Amino acid sequence: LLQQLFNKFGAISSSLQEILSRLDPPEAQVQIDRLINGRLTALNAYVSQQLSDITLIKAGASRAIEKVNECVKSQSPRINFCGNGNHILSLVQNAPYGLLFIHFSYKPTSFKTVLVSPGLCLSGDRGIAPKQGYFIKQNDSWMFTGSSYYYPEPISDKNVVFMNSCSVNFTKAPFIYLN
Amino acid sequence: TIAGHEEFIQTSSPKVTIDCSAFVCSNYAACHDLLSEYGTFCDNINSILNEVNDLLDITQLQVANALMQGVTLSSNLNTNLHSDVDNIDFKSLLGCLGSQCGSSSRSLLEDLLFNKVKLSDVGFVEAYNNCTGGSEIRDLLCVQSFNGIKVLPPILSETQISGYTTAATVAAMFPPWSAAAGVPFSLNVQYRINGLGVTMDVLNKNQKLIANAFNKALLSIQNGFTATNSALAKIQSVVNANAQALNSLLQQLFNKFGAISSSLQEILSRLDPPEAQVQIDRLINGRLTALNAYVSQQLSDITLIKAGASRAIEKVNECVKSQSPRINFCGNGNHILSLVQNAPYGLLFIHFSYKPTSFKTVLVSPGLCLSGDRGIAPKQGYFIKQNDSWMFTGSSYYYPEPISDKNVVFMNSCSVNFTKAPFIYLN
Amino acid sequence: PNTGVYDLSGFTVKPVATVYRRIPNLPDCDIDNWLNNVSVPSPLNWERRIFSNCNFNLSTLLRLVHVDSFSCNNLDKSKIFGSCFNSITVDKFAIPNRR
Amino acid sequence: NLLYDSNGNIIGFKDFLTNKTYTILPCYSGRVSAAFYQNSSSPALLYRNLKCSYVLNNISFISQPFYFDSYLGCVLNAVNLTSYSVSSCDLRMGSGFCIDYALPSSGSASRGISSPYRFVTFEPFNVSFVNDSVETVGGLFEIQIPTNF
Amino acid sequence: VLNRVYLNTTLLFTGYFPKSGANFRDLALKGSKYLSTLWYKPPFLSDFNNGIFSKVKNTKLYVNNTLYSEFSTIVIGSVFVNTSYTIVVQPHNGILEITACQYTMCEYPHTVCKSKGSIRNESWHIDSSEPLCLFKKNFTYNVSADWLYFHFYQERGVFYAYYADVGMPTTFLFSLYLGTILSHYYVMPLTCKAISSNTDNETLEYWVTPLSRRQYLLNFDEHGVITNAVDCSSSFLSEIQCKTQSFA
Ligand SMILES: *[C@@H]1O[C@H](CO)[C@@H](O[C@@H]2O[C@H](CO)[C@@H](O)[C@H](O)[C@H]2NC(C)=O)[C@H](O)[C@H]1NC(C)=O
Ligand SMILES: *[C@@H]1O[C@H](CO)[C@@H](O[C@@H]2O[C@H](CO)[C@@H](O)[C@H](O)[C@H]2NC(C)=O)[C@H](O)[C@H]1NC(C)=O
Ligand SMILES: *[C@@H]1O[C@H](CO)[C@@H](O[C@@H]2O[C@H](CO)[C@@H](O)[C@H](O)[C@H]2NC(C)=O)[C@H](O)[C@H]1NC(C)=O
Ligand SMILES: *[C@@H]1O[C@H](CO)[C@@H](O[C@@H]2O[C@H](CO)[C@@H](O)[C@H](O)[C@H]2NC(C)=O)[C@H](O)[C@H]1NC(C)=O
Ligand SMILES: *[C@@H]1O[C@H](CO)[C@@H](O)[C@H](O)[C@H]1NC(C)=O
Ligand SMILES: *[C@@H]1O[C@H](CO)[C@@H](O)[C@H](O)[C@H]1NC(C)=O
Ligand SMILES: *[C@@H]1O[C@H](CO)[C@@H](O)[C@H](O)[C@H]1NC(C)=O
Ligand SMILES: *[C@@H]1O[C@H](CO)[C@@H](O)[C@H](O)[C@H]1NC(C)=O
Ligand SMILES: *[C@@H]1O[C@H](CO)[C@@H](O)[C@H](O)[C@H]1NC(C)=O
Ligand SMILES: *[C@@H]1O[C@H](CO)[C@@H](O)[C@H](O)[C@H]1NC(C)=O
Ligand SMILES: *[C@@H]1O[C@H](CO)[C@@H](O)[C@H](O)[C@H]1NC(C)=O
Ligand SMILES: *[C@@H]1O[C@H](CO)[C@@H](O)[C@H](O)[C@H]1NC(C)=O
Ligand SMILES: *[C@@H]1O[C@H](CO)[C@@H](O)[C@H](O)[C@H]1NC(C)=O
Ligand SMILES: *[C@@H]1O[C@H](CO)[C@@H](O)[C@H](O)[C@H]1NC(C)=O
Ligand SMILES: *[C@@H]1O[C@H](CO)[C@@H](O)[C@H](O)[C@H]1NC(C)=O
Ligand SMILES: *[C@@H]1O[C@H](CO)[C@@H](O)[C@H](O)[C@H]1NC(C)=O
Ligand SMILES: *[C@@H]1O[C@H](CO)[C@@H](O)[C@H](O)[C@H]1NC(C)=O
């Protein structure tokens, strides 16, 4: 924007001293008018660009207000909003013209191949399904393991959801009457 | 039954690039030497349009990152063999996947979409390949491109985005199930219909009805892109708006702006150099004014496209890749799940919805005061009377069932307008 | 300079041959024989002749008449010297000396 | 004897002396995309939507030992290597293609000439893969659960 | 347009055109023997402001099973004396004689069908002195045509004539420098013998309407033929058609 004070815009010069001390007051008006139209056009184009940049900055600021309210100050029951899944929490810091968020995630480092069932059919034709986990078969006994860590633990009522029927592809297991 | 409807969201637009000195002063050295006194006018216009096209590339990478993030597939997955799970058919939604295909295909939903839109990202390349020679005699895009106006390809091909949506779709069907909450697809459907107030006995008894309702909903999607589909209309309005603005920009090369001619050849074959300059200066001012206004409009429309792309990334992350506990975000209430597909300059979402067909008029109670001065309130349902005995029913499907601790929420006192029930110490 | 992609207006095309077409052995327009004529009209009854489908040149004409002044308007004298036109209309009359 | 369009330009004509009828097209006009890596001697050049016969005859008469045709147009000073792929790229040409820069270093140089610009494929994203089966392994499914984090 | 071809396009063109929704006037008179003085009056002697469009019925008489084309002759001018130039367009069964001379026109002029001659002789002038003629030419048309179309206008001293016999749009016939302004025209009564209702039931038609300078939208097919036209200021639908540059 500063370099537009050196354009001639089709006039003879870009200096108003080089026109007022070189031409006539009926004739210098013609050149000064071209300089005025050029500089006013450049100012309008700059003001249009700024009025378009402020909308993108407002959209970003609304999103940052959301991450402060729902990832830092509390934790929403959303998934993939803050971070990239497996997300525990965030902290916030000040930064030049904005904010720096620090996100923390759970990261698995080693894996195991297991065979799982997605639900069981029990005696009386009832059904149980696992509550954030899977039914695995350790030592010819059905146990529960969680989804994101491997730890076989018993089947209980704090472990499963109940239903008074079972699906057609629930695994038949009549030998289960645990707590 | 299960209803299903489609939704187009725009995430991009055609990337226009403009050779400013070949638009204004096309070939004539008199015009170029007159234009060099406006300073850096064409540099500014080129920099604004490069900034716009860089924003377009950043949003395309953000969309593809949202589609691909976190999905784990089996290496033995081959969509020639596996295109079906639990009596629900996915074949018209999958592209090609596997180590023995050649990743250059779309699904037939995307084929039907990209065959009613001529100028997609591949129609511009094949229309610009036919300008050396015309290939009939003449075409408006070649007249635009010979005057410095050209649409550039996106950085990712549309078959790449088709591969990304195929991976996202097949991560809901196969046994990591990385986008169906870790459980199989029909089980996930059952748990979401149970989450609106439909009991599990109904859903285990009506499993094949649910599968055929899904198949019918998909096939009714597939025969719907017929000249009054609002998604096809919304897609074609993008292409028509681009073609209209580019033709209006080309029509500025035939205005006079107060000169004796719009043609630079007609002015430089009639007038001397001192008097041709006065006429050329008016054409230069008019054409610079028109380019300035075009660049301002492009800058205003890139903000709307970025807002749409953020809405689509949110829908991918919370309606397709997971299911959010936000009511009325995707769909309309009684929402079950979403699928995603590639569309020209955006995405197509398929939303599936629970839908009642028949109704019954029932008398209901919202709370029961039991002796001991206790209260119970029903847990996503109501209390009803059947044979002068109190029972529970869910709110979205009429089915009486006994009152239990899995049906109610207990309270150590009871409200004033809770119905008196001393007959209950039941199951 | 840095790494990147740039749009360059390099050396692309040149015009190599020319095409030149005219219709041959056309007559002469004979503008001077009408301009240098004995019977001269007044400004009240000025006269016109239309010349079309013929050849001319301004050297022979502007040396075969006693040129006192010659000045063009919305044109230029060097831009006539190879051009074709659809027609040329020449009008004439003899001046009253005060007016 | 003249054929116009509605904007007012002449697009064809019938000859007076031969009765041979012609259509006029403008001469080819365009720009060239230059993919330039730092500290090298010359860019790689892309002529968008042009066949290389048109380029090597009717545009560029300076000699070019490395040239080929491609989906984007005519590529000069680059090697056709689209079976190769890359995940990150700072010379991105459009439609899933990229330009890579690889020097013939002193461990594996060649005394004959080479083009250090390659025209490769751009693939920024992937899935993780596992070896397990997609069907039931006797009633049960095979899954991978983490043991340490 | 002059020597241009347009192909599969609409064109916004401003020319010398009739107003759409205005009124023609059939001005062809006819009499077997007698001629009234009301036929030579300002009801029938009209104005030539900028020009006229004319639509002419070519009647096809039969003598000895021989086809004779005929219609009326039109005369344009200002005062119709021998100190002024008058234009006369007159058919001769396949030959259109167009003259522009300093005629000595009769008070009550007429022409006469030469196949079946009238009671009176044809006398629209008597010129023993063979007057000054700026223009004299013969053109040939289609004798088996049913309609002939004419544009006659004036601009900056010049007179322009267009005509057609095959089709509705006209093509350029001639131009003529005059230096004066033509102010009136006339269609002559054709004193025939046997054309009337009591005879073989034929009619003379010469429909005239004025011209002015105005913008039209024209439609050009794959042969360069004008298929459709619309006057841009005649109605509201025509405003929408010229604003969209579209016929639908
Ligand atoms: C100058 O003009 C006169 C007329 O004003 C020309 O005389 C004409 O000559 C031609 C050819 O001989 C005749 O056909 C015309 O009838 C003549 N006009 C008159 C009114 O008599 C004369 O020829 C012209 N001078 C030259 C040198 O051409
Ligand atoms: C300009 O036109 C004149 C015609 O008036 C040309 O003069 C003729 O030249 C040929 C060539 O010898 C002669 O046969 C004719 O007799 C000439 N005509 C007259 C009236 O003298 C003249 O050559 C043209 N000028 C140029 C530079 O070509
Ligand atoms: C191009 O076609 C035209 C058709 O008219 C030819 O012009 C005719 O040539 C003959 C020669 O004997 C003349 O008698 C005619 O009067 C001409 N017609 C017109 C309208 O002028 C012309 O010769 C053809 N050209 C070639 C090279 O065949
Ligand atoms: C135009 O055509 C008419 C009719 O063909 C010509 O008129 C004839 O002229 C000759 C000789 O002057 C007379 O013997 C005939 O009697 C005329 N016939 C009629 C019906 O009047 C006329 O000469 C032609 N004019 C031109 C310029 O060619
Ligand atoms: C149940 O399992 C059988 C055998 O794997 C399979 O054929 C069928 O499609 C499955 N149905 C459902 C609803 O899971
Ligand atoms: C381009 O030209 C080919 C023939 O070379 C033709 O088959 C094809 O339809 C053309 N494409 C377009 C978009 O015009
Ligand atoms: C790269 O740059 C360094 C210094 O900037 C220079 O010494 C070196 O020769 C350059 N490499 C080549 C291949 O020119
Ligand atoms: C291209 O060049 C060759 C050889 O110079 C020539 O034969 C051919 O006609 C040219 N084509 C164009 C379109 O310029
Ligand atoms: C470019 O290379 C690919 C494989 O790398 C090959 O299939 C293709 O045919 C080549 N194209 C050209 C024009 O050399
Ligand atoms: C998959 O993408 C990752 C991302 O960094 C990349 O490193 C890897 O090489 C890619 N694998 C294949 C087979 O393309
Ligand atoms: C992985 O699959 C390959 C087949 O290419 C097989 O050879 C190998 O045994 C498998 N490994 C495991 C751990 O299953
Ligand atoms: C988990 O990993 C850490 C570091 O990789 C290691 O020190 C630790 O022993 C591991 N724990 C188990 C239970 O394998
Ligand atoms: C005639 O013009 C119409 C209007 O665009 C077009 O559809 C048609 O193809 C044209 N005819 C020919 C033979 O090109
Ligand atoms: C028609 O034929 C009759 C004889 O049957 C003859 O008298 C008459 O002159 C003919 N008409 C013409 C116009 O020649
Ligand atoms: C018509 O002309 C002829 C030839 O002179 C003449 O004999 C006849 O009397 C004229 N008719 C009238 C009604 O005078
Ligand atoms: C024009 O004349 C020719 C031959 O004289 C004839 O074939 C054609 O039908 C005529 N056209 C009209 C409209 O009379
Ligand atoms: C001419 O018209 C009259 C009007 O009624 C009619 O009586 C007569 O029969 C017609 N004659 C011919 C030959 O058509």
# chains A, B, ... in the order shown; residues from 1 in each chain; ligands from 1
>>> interface_residues(of="chain C", to="chain D", cutoff="7 Å", atoms="only C-alpha atoms", output="PyMOL selection string")
chain C and resi 1-10+12-13
>>> residues_around(residues="residue 120 of chain B", least_positions_apart="6", cutoff="8 Å", atoms="only C-alpha atoms", output="VMD selection string")
chain B and resid 114 344 to 345
>>> closest_atom_pairs(of="segment 24-62 of chain E", to="segment 145-159 of chain E", cutoff="6 Å", atoms="only C-alpha atoms", output="CSV")
residue,atom,partner,partner_atom,distance
E:50,CA,E:153,CA,5.6
E:51,CA,E:153,CA,3.8
E:52,CA,E:152,CA,5.4
E:53,CA,E:151,CA,4.8
E:54,CA,E:150,CA,5.1
E:55,CA,E:149,CA,4.8
E:56,CA,E:148,CA,5.1
E:57,CA,E:147,CA,5.0
E:58,CA,E:146,CA,5.2
>>> residues_near_ligand(ligand="ligand 13", cutoff="8 Å", atoms="only C-alpha atoms and all ligand atoms", output="PyMOL selection string")
chain E and resi 7-9+221-222
>>> write_last_selection(atoms="N, CA and C atoms", output="PDB file, in the first residue's frame")
ATOM      1  N   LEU E   7     -24.136 -17.515 -37.732  1.00  0.00           N
ATOM      2  CA  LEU E   7     -24.478 -18.938 -37.721  1.00  0.00           C
ATOM      3  C   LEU E   7     -24.784 -19.427 -36.311  1.00  0.00           C
ATOM      4  N   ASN E   8     -26.010 -19.905 -36.095  1.00  0.00           N
ATOM      5  CA  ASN E   8     -26.524 -20.412 -34.810  1.00  0.00           C
ATOM      6  C   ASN E   8     -26.327 -19.418 -33.678  1.00  0.00           C
ATOM      7  N   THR E   9     -26.970 -18.265 -33.808  1.00  0.00           N
ATOM      8  CA  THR E   9     -26.780 -17.249 -32.786  1.00  0.00           C
ATOM      9  C   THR E   9     -27.949 -16.287 -32.794  1.00  0.00           C
ATOM     10  N   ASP E 221     -29.955 -19.451 -37.918  1.00  0.00           N
ATOM     11  CA  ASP E 221     -29.836 -20.903 -37.886  1.00  0.00           C
ATOM     12  C   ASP E 221     -28.533 -21.338 -38.562  1.00  0.00           C
ATOM     13  N   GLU E 222     -28.425 -22.619 -38.911  1.00  0.00           N
ATOM     14  CA  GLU E 222     -27.220 -23.197 -39.501  1.00  0.00           C
ATOM     15  C   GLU E 222     -27.041 -22.891 -40.979  1.00  0.00           C
TER      16      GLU E 222
END
>>> residues_near_ligand(ligand="ligand 9", cutoff="8 Å", atoms="only C-alpha atoms and all ligand atoms", output="compact mmCIF listing (two decimals) with C-alpha atoms, in the first residue's frame")
# COMPACT_ATOMS: atom_id res chain seq x y z
CA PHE D 68 7.35 -36.66 -22.24
CA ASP D 69 3.59 -36.38 -22.48
CA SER D 70 1.30 -36.61 -19.49
CA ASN D 80 8.27 -40.14 -16.09
CA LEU D 81 8.25 -41.94 -12.74
CA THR D 82 4.57 -42.11 -11.85
CA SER D 83 4.80 -45.64 -10.43
CA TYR D 84 6.72 -44.09 -7.55
>>> interface_residues(of="chain E", to="chain D", cutoff="8 Å", atoms="only C-alpha atoms", output="MDAnalysis selection string")
chainID E and resid 3:7 9:11
>>> write_last_selection(atoms="N, CA, C and O atoms", output="tab-separated table (two decimals), in the first residue's frame")
chain	number	residue	atom	x	y	z
E	3	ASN	N	-22.22	-7.87	-45.87
E	3	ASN	CA	-21.61	-9.06	-46.46
E	3	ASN	C	-21.25	-10.07	-45.39
E	3	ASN	O	-20.30	-10.83	-45.56
E	4	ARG	N	-21.99	-10.09	-44.30
E	4	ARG	CA	-21.66	-10.91	-43.15
E	4	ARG	C	-22.55	-12.15	-43.10
E	4	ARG	O	-23.70	-12.13	-43.54
E	5	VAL	N	-22.00	-13.22	-42.55
E	5	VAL	CA	-22.75	-14.43	-42.25
E	5	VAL	C	-22.71	-14.64	-40.75
E	5	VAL	O	-21.64	-14.54	-40.14
E	6	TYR	N	-23.86	-14.91	-40.15
E	6	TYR	CA	-23.97	-15.30	-38.76
E	6	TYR	C	-24.59	-16.69	-38.68
E	6	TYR	O	-25.49	-17.01	-39.46
E	7	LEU	N	-24.14	-17.51	-37.73
E	7	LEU	CA	-24.48	-18.94	-37.72
E	7	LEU	C	-24.78	-19.43	-36.31
E	7	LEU	O	-23.89	-19.42	-35.46
E	9	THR	N	-26.97	-18.26	-33.81
E	9	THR	CA	-26.78	-17.25	-32.79
E	9	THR	C	-27.95	-16.29	-32.79
E	9	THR	O	-28.68	-16.16	-33.77
E	10	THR	N	-28.13	-15.63	-31.67
E	10	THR	CA	-28.93	-14.42	-31.62
E	10	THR	C	-28.00	-13.23	-31.80
E	10	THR	O	-26.81	-13.30	-31.53
E	11	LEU	N	-28.57	-12.15	-32.29
E	11	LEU	CA	-27.81	-10.95	-32.57
E	11	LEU	C	-28.64	-9.76	-32.17
E	11	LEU	O	-29.83	-9.70	-32.49
>>> residues_around(residues="residue 169 of chain A", least_positions_apart="2", cutoff="9 Å", atoms="only C-alpha atoms", output="ChimeraX atom specification")
/A:118-121,166-167,171-172 /D:139
